[PDB]
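**Q** First the structure, then my questions, so here it is.
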Amino acid sequence: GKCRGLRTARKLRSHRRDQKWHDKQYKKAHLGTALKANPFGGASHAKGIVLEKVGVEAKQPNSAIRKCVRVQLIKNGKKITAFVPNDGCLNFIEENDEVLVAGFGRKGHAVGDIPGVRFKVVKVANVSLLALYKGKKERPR
Amino acid sequence: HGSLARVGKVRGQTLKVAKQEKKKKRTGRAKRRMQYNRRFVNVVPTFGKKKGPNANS
Amino acid sequence: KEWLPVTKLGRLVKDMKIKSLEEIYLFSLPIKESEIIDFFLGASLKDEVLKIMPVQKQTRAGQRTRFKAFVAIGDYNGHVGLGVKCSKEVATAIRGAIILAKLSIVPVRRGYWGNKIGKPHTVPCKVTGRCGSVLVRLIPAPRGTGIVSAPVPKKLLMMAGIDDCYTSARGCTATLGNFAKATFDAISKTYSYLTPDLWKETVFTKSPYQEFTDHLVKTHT
Amino acid sequence: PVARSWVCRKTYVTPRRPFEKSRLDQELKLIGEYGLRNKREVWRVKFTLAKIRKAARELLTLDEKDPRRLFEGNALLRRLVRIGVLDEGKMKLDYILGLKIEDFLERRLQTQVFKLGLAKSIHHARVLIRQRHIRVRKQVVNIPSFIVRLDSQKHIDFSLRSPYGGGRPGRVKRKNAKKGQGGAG
RNA sequence: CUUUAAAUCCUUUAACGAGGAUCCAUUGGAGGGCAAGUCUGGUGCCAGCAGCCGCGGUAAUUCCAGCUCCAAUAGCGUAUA
């Protein structure tokens, strides 16, 4: 610090509050605008329904068309794109299915070579993709 | 080929091999002890070039 | 293979008239032969390669690379050391780093923490070292708490003998060479600190040069 | 409003470093030459040693000739005397910092029974405690993590219904005898 | 038999009660951090792996399958504050 005395508290309190308010992560984590812009609203998981299946292209260095699912939410109705975790599981998902959408790991940020899409699918038709991938259960039609 | 937007190709065409038998373990009591006596007691890593326990030379 | 002394220090220590390197550290004599330390110390000396760093030049015809090595030396009871070498062949760099680590060898005088019993196990004071952006600090520790640090101070201090020390670093500690040289400078400044037990006025013993000049002048000119 | 406890505390702590060869090899040697089951026992003993060392550091950071420092001083000293880790030669406050993992792992019931010569192997000693054979002070103990105190060290013996030290034979001998008598006639 | 308003839970004693003790121990990984195979077959910038760097173009120590290995072991992995 700079100011050093006995009765020096107000100026340093104002300095601490202003320089903490000028931080970026603290401003993101303590204002209602970022919580309003978040479709989940601080929720770990949020179920939705499927209206279309559009696969997005890859990025500049690598070229592999990775398939994705557009899911409309129920609590908000916003159209957010999800991403299938494993290989060949797009046959496990159909139109107007009961999917469960969660985050991917970067606190709501784009990850890797997939542009724009930030979410994924962990459960479809009230069963996980792991059981369908390992063939432990069967999706009921 | 032909239809590019088709998923599950690498598992759609592959080879399927069944499983095999399974022995008895020590539930980690002497399993890591066998790890110790087959990793450091018998063989040692060379100073400069390492040698793992699964290095099938 | 066979040792032939060329300097005066090697000839005097092979003449069997110097007991330890303690009086060499009193007189601060420079060491120019690596095998003198082999004459003093026994089989308690081992080596440990740190990391091979692939630095490179660049010329008209592509880029040309050579290997940069590090090694840590020092027995458990007493002295430490460090050596940096960079050459084309990795093996010659290893032997050169071993030789240069045998050249630069310094001791550390361990102290106690609070009460005093048995043998010293920690640093006598809070000493720091810096050769760049690294601000490394040594802290005295109680008996048997174990060193805690980055694990390359852990291997350096287990090569040293100080089993109880807290550390604190600051800066870009990703670079291994600068950080290792900084903690070497921090551990080498142990004797360069005035202590309350050492305020007795020092005596000046007779130098081995002062007694054996007449022997060396007839041994080698 | 219920008559409940809600008093729960942890016993093992996980290290900050996830994977490193030195401490893993050290605790592997401790399990191999002490016959533990997993890392939970050695982590629990390390946590108890850390608590004792923290209490010792809190005692030594106080000033001399203080009644509280003396109070938990001879309290902790007499407790480590009664467990059977220290001895009658070194009962000073500066000898508590020189304790190792071996000093607290030696007082386990499994290691004590293995060192008593009443069993064959370390794992055999652990299962022999686990099979409810060996009692202390006319009371059987099936738990291998029993800290043996110094005074109760000559009171380790087989129970009355343990077949190895006198008693009724178990299922195997009577089944073998019944099968032999059935096959004889 | 005991506890219990009466039961059930624990302990005790009877009679049964395992030889591949099928009375079968699961979860993520194996290029670096990050402990752990340049093992063997398949498509070969397609399908995928990957929190970061990147790996995939016709012999992949990273993809998909079998053995071996490596971490905690009735526990382990993912997301969110």
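Residues in the structure tokens are numbered from 1 in each chain, the chains being A, B, ... in the order shown, and ligands are numbered from 1 in the order shown.
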Please report, as a tab-separated table, each residue of chain C lying at most 8 Å from chain D, together with the nearest pair of atoms and the separation in Å rounded to one decimal; use only C-alpha atoms, and order rows by chain and ascending residue number.

**A**
residue	atom	partner	partner_atom	distance
C:115	CA	D:94	CA	7.5
C:117	CA	D:94	CA	7.9
C:142	CA	D:97	CA	7.8
C:143	CA	D:97	CA	5.7
C:144	CA	D:98	CA	5.8
C:145	CA	D:97	CA	7.9

**Q** Just want the 10 Å neighbourhood of residue 54 (chain E), counted on only C-alpha atoms (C1' of nucleotides), with same-chain residues fewer than 6 positions away dropped. Output as a PyMOL selection string.

**A** (chain A and resi 61-62) or (chain E and resi 31+62)

**Q** Nearest to chain B: which of E:78, E:58, E:67, E:37 is it, counting only C-alpha atoms (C1' of nucleotides)?

**A**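 Closest candidate: E:37.
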
**Q** For chain E against chain A, with a cut-off of 7 Å and counting only C-alpha atoms (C1' of nucleotides), what is the closest atom pair and its distance in Å to one decimal for every residue that makes the cut, ordered by chain and number, as a tab-separated table?

**A**
residue	atom	partner	partner_atom	distance
E:45	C1'	A:63	CA	5.5
E:48	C1'	A:87	CA	6.6
E:51	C1'	A:105	CA	6.3
E:79	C1'	A:103	CA	5.4
E:80	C1'	A:44	CA	4.0

**Q** Could you dump the residues just selected with N, CA, C and O atoms (P, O5', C5', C4', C3', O3' and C1' of nucleotides) as a PDB file, in the first residue's frame?

**A**
ATOM      1  P     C E  45      -8.423 -39.921 -44.882  1.00  0.00           P
ATOM      2  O5'   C E  45      -8.377 -38.682 -43.884  1.00  0.00           O
ATOM      3  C5'   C E  45      -8.481 -37.354 -44.385  1.00  0.00           C
ATOM      4  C4'   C E  45      -9.258 -36.455 -43.456  1.00  0.00           C
ATOM      5  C3'   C E  45      -9.573 -35.073 -44.019  1.00  0.00           C
ATOM      6  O3'   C E  45     -10.822 -34.619 -43.504  1.00  0.00           O
ATOM      7  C1'   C E  45      -8.238 -34.847 -42.083  1.00  0.00           C
ATOM      8  P     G E  48     -18.483 -38.261 -35.063  1.00  0.00           P
ATOM      9  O5'   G E  48     -17.667 -39.112 -33.994  1.00  0.00           O
ATOM     10  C5'   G E  48     -16.869 -38.480 -33.006  1.00  0.00           C
ATOM     11  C4'   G E  48     -15.650 -39.306 -32.679  1.00  0.00           C
ATOM     12  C3'   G E  48     -14.791 -38.801 -31.531  1.00  0.00           C
ATOM     13  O3'   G E  48     -15.296 -39.183 -30.263  1.00  0.00           O
ATOM     14  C1'   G E  48     -13.409 -39.313 -33.373  1.00  0.00           C
ATOM     15  P     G E  51     -10.352 -32.834 -21.692  1.00  0.00           P
ATOM     16  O5'   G E  51     -10.266 -31.371 -22.319  1.00  0.00           O
ATOM     17  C5'   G E  51     -11.396 -30.510 -22.325  1.00  0.00           C
ATOM     18  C4'   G E  51     -11.247 -29.400 -21.316  1.00  0.00           C
ATOM     19  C3'   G E  51     -10.069 -28.460 -21.532  1.00  0.00           C
ATOM     20  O3'   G E  51     -10.349 -27.430 -22.464  1.00  0.00           O
ATOM     21  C1'   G E  51     -10.122 -29.165 -19.270  1.00  0.00           C
ATOM     22  P     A E  79     -16.000 -31.050 -15.714  1.00  0.00           P
ATOM     23  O5'   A E  79     -17.428 -30.367 -15.517  1.00  0.00           O
ATOM     24  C5'   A E  79     -18.250 -30.051 -16.632  1.00  0.00           C
ATOM     25  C4'   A E  79     -19.625 -29.597 -16.202  1.00  0.00           C
ATOM     26  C3'   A E  79     -19.668 -28.411 -15.255  1.00  0.00           C
ATOM     27  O3'   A E  79     -19.547 -27.174 -15.929  1.00  0.00           O
ATOM     28  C1'   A E  79     -21.103 -30.108 -14.457  1.00  0.00           C
ATOM     29  P     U E  80     -18.664 -25.991 -15.298  1.00  0.00           P
ATOM     30  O5'   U E  80     -19.640 -25.298 -14.246  1.00  0.00           O
ATOM     31  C5'   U E  80     -20.855 -24.693 -14.667  1.00  0.00           C
ATOM     32  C4'   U E  80     -21.831 -24.559 -13.525  1.00  0.00           C
ATOM     33  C3'   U E  80     -21.372 -23.710 -12.350  1.00  0.00           C
ATOM     34  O3'   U E  80     -21.527 -22.319 -12.567  1.00  0.00           O
ATOM     35  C1'   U E  80     -22.295 -25.734 -11.548  1.00  0.00           C
TER      36        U E  80
END

**Q** Quick check, in Å to one decimal: how far apart do CA of residue 49 (chain A) and CA of residue 99 (chain A) lie?

**A**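 Atom-to-atom, CA of residue 49 (chain A) and CA of residue 99 (chain A) are spaced 6.3 Å apart.
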
**Q** Identify, with DSSP run on backbone atoms, the residues in region 26-184 of chain C assigned to strand (DSSP E), and express the list as a ChimeraX atom specification.

**A** /C:47-49,53-56,65-73,80-87,105-106,128-129,136-140,165-168

**Q** Considering only C-alpha atoms (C1' of nucleotides), extract the chain E residues located within 10 Å of chain D and return them as a list in words.

**A**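 Every residue of chain E that passes the 10 Å test is in residues 17, 34, 35, 71, 72 and 73 of chain E.
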
**Q** May I have the residues of chain D within 9 Å of chain B, counting only C-alpha atoms, written as a ChimeraX atom specification?

**A** /D:25,28-29,31-32,35-38

**Q** Create the file for the chosen residues now, containing C-alpha atoms and written as an mmCIF file, in the first residue's frame.

**A**
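Result saved to part.cif:
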data_model
loop_
_atom_site.group_PDB
_atom_site.id
_atom_site.type_symbol
_atom_site.label_atom_id
_atom_site.label_comp_id
_atom_site.auth_asym_id
_atom_site.auth_seq_id
_atom_site.Cartn_x
_atom_site.Cartn_y
_atom_site.Cartn_z
ATOM 1 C CA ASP D 25 7.071 -45.537 -2.682
ATOM 2 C CA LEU D 28 4.010 -48.532 -0.298
ATOM 3 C CA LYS D 29 6.994 -49.718 1.752
ATOM 4 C CA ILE D 31 2.078 -51.052 3.722
ATOM 5 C CA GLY D 32 4.323 -53.858 2.446
ATOM 6 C CA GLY D 35 0.497 -55.334 6.177
ATOM 7 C CA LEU D 36 -2.069 -52.548 5.873
ATOM 8 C CA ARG D 37 -5.079 -52.651 3.533
ATOM 9 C CA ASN D 38 -5.034 -49.284 1.741
#

**Q** Considering only helix (DSSP H, G or I) as DSSP defines it on the backbone, what residues of region 106-140 of chain A qualify? List them as a PyMOL selection string.

**A** chain A and resi 129-134

**Q** Print the selection's residues with C-alpha atoms to a file, as a PDB file, in the first residue's frame.

**A**
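Final output, out19.pdb:
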ATOM      1  CA  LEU A 129     -25.380 -41.659 -22.902  1.00  0.00           C
ATOM      2  CA  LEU A 130     -22.887 -43.891 -21.063  1.00  0.00           C
ATOM      3  CA  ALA A 131     -25.411 -46.721 -20.647  1.00  0.00           C
ATOM      4  CA  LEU A 132     -26.426 -46.452 -24.306  1.00  0.00           C
ATOM      5  CA  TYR A 133     -22.784 -46.341 -25.440  1.00  0.00           C
ATOM      6  CA  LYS A 134     -21.783 -49.376 -23.359  1.00  0.00           C
TER       7      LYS A 134
END

**Q** Pick out the closest residue to residue 141 (chain C) from this set: C:167, C:104, C:173, C:44. Count only C-alpha atoms.

**A**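 Nearest to residue 141 (chain C): C:167.
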
**Q** Which residues of chain C come within 10 Å of chain B, and for each one, what is the closest pair of atoms and their distance in Å to one decimal, counting only C-alpha atoms, sorted by chain and residue number, as CSV?

**A**
residue,atom,partner,partner_atom,distance
C:47,CA,B:47,CA,9.9
C:48,CA,B:47,CA,8.6
C:49,CA,B:48,CA,7.9
C:51,CA,B:48,CA,9.8
C:52,CA,B:48,CA,9.5
C:90,CA,B:48,CA,9.7
C:91,CA,B:48,CA,9.3
C:94,CA,B:48,CA,9.6

**Q** Kindly assemble as a Markdown table a list of the chain B residues that lie within 12 Å of chain A, each paired with its nearest atom pair and their distance in Å to one decimal, using only C-alpha atoms, sorted first by chain and then by ascending residue number.

**A**
| residue | atom | partner | partner_atom | distance |
| --- | --- | --- | --- | --- |
| B:4 | CA | A:65 | CA | 9.0 |
| B:5 | CA | A:65 | CA | 8.2 |
| B:6 | CA | A:88 | CA | 8.4 |
| B:7 | CA | A:88 | CA | 4.8 |
| B:8 | CA | A:88 | CA | 3.8 |
| B:9 | CA | A:88 | CA | 7.6 |
| B:10 | CA | A:87 | CA | 8.6 |
| B:11 | CA | A:88 | CA | 7.9 |
| B:12 | CA | A:88 | CA | 8.4 |
| B:13 | CA | A:88 | CA | 11.8 |

**Q** Residue 30 (chain E): which residues within 9 Å, counting only C-alpha atoms (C1' of nucleotides), same-chain residues fewer than 2 positions away excluded, as a ChimeraX atom specification?

**A** /E:36-37,69-70

**Q** Restricting it to N, CA, C and O atoms (P, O5', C5', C4', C3', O3' and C1' of nucleotides), dump the selection as a PDB file, in the first residue's frame.

**A**
ATOM      1  P     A E  36       5.483 -43.644 -14.733  1.00  0.00           P
ATOM      2  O5'   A E  36       4.642 -44.729 -15.538  1.00  0.00           O
ATOM      3  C5'   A E  36       4.411 -46.019 -14.994  1.00  0.00           C
ATOM      4  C4'   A E  36       3.201 -46.668 -15.616  1.00  0.00           C
ATOM      5  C3'   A E  36       3.216 -46.778 -17.132  1.00  0.00           C
ATOM      6  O3'   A E  36       3.971 -47.880 -17.603  1.00  0.00           O
ATOM      7  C1'   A E  36       1.119 -45.945 -16.414  1.00  0.00           C
ATOM      8  P     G E  37       4.731 -47.786 -19.016  1.00  0.00           P
ATOM      9  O5'   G E  37       3.583 -48.047 -20.090  1.00  0.00           O
ATOM     10  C5'   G E  37       3.778 -47.719 -21.462  1.00  0.00           C
ATOM     11  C4'   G E  37       4.470 -48.834 -22.204  1.00  0.00           C
ATOM     12  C3'   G E  37       4.865 -48.522 -23.650  1.00  0.00           C
ATOM     13  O3'   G E  37       6.103 -49.165 -23.947  1.00  0.00           O
ATOM     14  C1'   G E  37       3.459 -50.416 -23.603  1.00  0.00           C
ATOM     15  P     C E  69      -0.483 -56.786 -15.131  1.00  0.00           P
ATOM     16  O5'   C E  69      -0.060 -55.252 -15.223  1.00  0.00           O
ATOM     17  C5'   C E  69       1.306 -54.878 -15.331  1.00  0.00           C
ATOM     18  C4'   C E  69       1.462 -53.480 -15.877  1.00  0.00           C
ATOM     19  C3'   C E  69       1.080 -52.348 -14.940  1.00  0.00           C
ATOM     20  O3'   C E  69       2.107 -52.040 -14.020  1.00  0.00           O
ATOM     21  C1'   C E  69       0.173 -51.948 -17.093  1.00  0.00           C
ATOM     22  P     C E  70       1.758 -51.691 -12.494  1.00  0.00           P
ATOM     23  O5'   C E  70       1.047 -50.266 -12.560  1.00  0.00           O
ATOM     24  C5'   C E  70       1.811 -49.072 -12.638  1.00  0.00           C
ATOM     25  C4'   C E  70       0.930 -47.852 -12.744  1.00  0.00           C
ATOM     26  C3'   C E  70      -0.011 -47.600 -11.575  1.00  0.00           C
ATOM     27  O3'   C E  70       0.621 -46.965 -10.477  1.00  0.00           O
ATOM     28  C1'   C E  70      -1.194 -47.364 -13.615  1.00  0.00           C
TER      29        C E  70
END

**Q** Write down, as a count of residues only, each residue of chain E that has any atom within 9 Å of an atom of chain B, counting only C-alpha atoms (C1' of nucleotides).

**A** 20

**Q** Could you please determine the separation between CA of residue 125 (chain C) and CA of residue 51 (chain D) in Å, to one decimal place?

**A**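 Those two atoms sit 26.5 Å apart.
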
**Q** What does the distance from CA of residue 104 (chain D) to CA of residue 78 (chain D) come to in Å, to one decimal?

**A** 15.5 Å
